[PDB]
């Protein structure tokens, strides 16, 4: 009858967390740790550190106001062992407990370590039921499927959640209103100004501590504008729903120089730590369509990203780990170019993506996928180095979501499990979808020579290198038959260009 020690991690800041919902407030204690192991396993963006630790401190205060005894161990505490496991042991030695209760986390290596810890009391691990699909439900869906197609998973999630269902039929009589007709912004359309959250007093304190104590971590911390508690996160969501969602579908794949947010929701950093709930977000978007304040194609496209892609990538991560993290289907062995960290490249699209990561800890999906992701795949950068960049530079990065999007969708190192095909593209794609190329030093109409857009020769050398494997993929027919129709002299020409680019960029050779 000594009570339970209830662990809450930095991405578990939800009243409904499974480790909390049956607490005995008169006997139990919550443990929350600012852990330098977790902060440095990858050296996360300064803004990611500020976000998590500010949000953590405020959640602890919200728990105390509700009657919880909270043992909170800060980054400054001189007795903090630095690790979750060390701090569990320290808490169990400070007073009597009958058991530890925790919620399964979002990183296989940490989950595996915690499951193996030898503690003086039992540890009970509960599934994270903030997600809409359980790990077991995904495994059951996936069983027997030669290929995992997000669309079919998504339809099941629509039926299960009831989102955008009119009786037993999808709203509007189609499941998906996606189409491949998206374009860049018209020249006269200026993306709108976005709501930012000025740091509250707790956030300001953490910002000062991170600026002094983690100066070697990537990124700028001045200008921090992310929400750090439920009120701030709800303000950001309200702004998206009212002001941005009606145009969300039109501009979902566009890119505009030094306009990093466009009409995206900017909620992933808050949702991924628990400050928003995925079902609530989707119900709010559905209500906007049902009340006549947004079109169905925009609302369906937004919901598909949360109950479709987000749940799907989590499902594949837990289905396939730990071997997933060792897959390298294309035998990529190159080094990551230094300009991924410094931004010092004349490729305007790449430079702008690195700039947004540095200044905001954010870039939207198409930029992550088709600029820096595609480039790394075409260069043949080793997947560990690519994962290590995406885990550092964005404030929504956790392995369960980063890895299937990066090792899977963006670079095909998983051989197509997540994405079915490589999302390889030349500069022509970036030119069509962005305003980058007019002002770029390089010429997107050229493949060879010092003025040619590097993506153009790298794209064709990638298709060439992997032509047989992509033939046995079936989803690359338009490019492979273009390749086969080029004369040997044309193919040799772009092979030499791509080889020279990989040496110049510090990748290999």
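Residue numbers count along the first chain shown, from 1.
- Relative to one another, 38-46 and 455-463 have unequal mean CA B-factors, and 455-463 is the one with the higher figure.
- If you average the C-alpha B-factors over 267-275 and over 94-102, the higher value belongs to 94-102.
- Of the candidates 243, 216, 384, 352, the deposited coordinates give 216 the top C-alpha B factor.
- Of the candidates 403, 117, 379, 319, it is 117 whose Cα B-factor is highest according to the PDB record.
- In this PDB entry, residue 29 carries a Cα temperature factor that places it within the middle third of its chain's modelled residues.
- Placement of the Cα temperature factor of residue 62 within the chain: middle third of the modelled residues, per the deposited record.
- When the CA B factors of the chain's modelled residues are split into thirds, the value for residue 222 lands in the highest one.
- Sort the modelled residues of the chain by CA B factor and residue 490 lands in the highest third.
- Split the chain's modelled residues into thirds by C-alpha temperature factor. Residue 126 is in the middle one.
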